[PDB]
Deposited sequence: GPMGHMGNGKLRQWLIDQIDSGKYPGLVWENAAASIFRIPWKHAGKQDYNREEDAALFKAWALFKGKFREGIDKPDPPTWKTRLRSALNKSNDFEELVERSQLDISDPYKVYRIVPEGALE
């Protein structure tokens, strides 16, 4: 859905999520942590679950693995974002992916 675009911009700007930072704000290029199991701070994934209504505090049982898969899939299938594959660093101690936000009119 198109709701991811503005929400993710707001989360980067907020500075609440360590590692979710602008790399070049003027070109709308940002880093997002991309860790593997082996907590990893699921705060960003839980926030997306609450925002879309897939989770209710104290009613639904928490499911961090499913929350993580669901946000990663939304980003990968979105036409508003493009991974800069040659910039991502998946095999280091603090791994991350780099994405660019596609300007309106280019999509």
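Chemist: Which runs of the deposited chain sequence never show up in the coordinates?
Modeler: Seq positions lacking coordinates: 1-7, 46-51, 121.
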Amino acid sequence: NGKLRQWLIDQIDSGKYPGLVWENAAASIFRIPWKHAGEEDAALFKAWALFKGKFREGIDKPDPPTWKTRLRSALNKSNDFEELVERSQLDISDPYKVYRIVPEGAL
From here on, numbers count along this sequence of modelled residues.
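Chemist: Mean CA temperature factor from the deposited coordinates, higher in 89-97 or in 13-21?
Modeler: Stretch with the higher mean C-alpha B-factor: 13-21.
Chemist: If you average the Cα B factors in the entry, which is higher, 39-47 or 68-76?
Modeler: Between 68-76 and 39-47, it is 39-47.
Chemist: Hey, what third does residue 102 fall into on Cα B-factor, ranked over its chain?
Modeler: As the PDB entry reports it, the C-alpha B-factor of residue 102 lands in the middle third of its chain.
Chemist: Quick one: classify residue 52 as lowest, middle or highest third of the chain based on its Cα B-factor.
Modeler: Within its chain, residue 52 is a middle-third residue by C-alpha B-factor, going by the deposited values.
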